[PDB]
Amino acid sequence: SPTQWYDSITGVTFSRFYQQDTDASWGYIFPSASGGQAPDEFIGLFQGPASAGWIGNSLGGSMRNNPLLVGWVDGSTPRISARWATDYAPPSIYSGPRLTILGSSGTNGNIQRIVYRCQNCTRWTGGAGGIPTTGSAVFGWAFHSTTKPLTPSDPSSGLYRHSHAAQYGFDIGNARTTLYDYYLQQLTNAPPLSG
């Protein structure tokens, strides 16, 4: 399970899943219903060892038929891509999601971070069908421990199969916050990673 986690780099709090084998983290912030009504978006965080190749998720758990987001750092430059697989095969580029890389992204030489806004990312056809407003969500996580996408300058780069991947359940309502807009602004305005 993920827990509420203070991001010391930015002062914001995420619902964070820390994976012990990879030493990577997957953080999410979702908008509320009390304030900031339209919830067709969330903020994500991919964080891991600076030497890792790429870090990704599945928004419906299964690799199959759910938005797959994949982030990496090309030198010092963060990248992010939305993808879609109909089986256990190299995913294709998925249009639908609107992705914005936010501040505190890049590398300090110890960690890499990709902090992102994902709009139009909570409803889709197939798989889980979307991220529920309330109740349980199952997310996937995926990680390549060593090797960057083949052409790391291109957000549509081909990539090698993850060295590690699995799934976990979490309470979506616990990841929702009326602080969402404040958090979004704060993260957008954070400078890039440098240490």
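Residues carry their position along the shown sequence, with the first being 1.
- Stretches compared: 161 to 169, 33 to 41. Higher mean C-alpha B-factor in the entry: 33 to 41.
- As the entry records it, the average C-alpha temperature factor is higher for 120 to 128, out of 68 to 76 and 120 to 128.
- Of the candidates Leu184, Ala24, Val12, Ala175, the deposited coordinates give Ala175 the top C-alpha B factor.
- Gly106 sits in the lowest third of its chain by CA B factor, as recorded in the PDB entry.
- For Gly135, the recorded CA B-factor ranks within the highest third of the chain. Only modelled residues enter the ranking.
- The PDB entry assigns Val115 a C-alpha temperature factor belonging to the lowest third of its chain's modelled residues.
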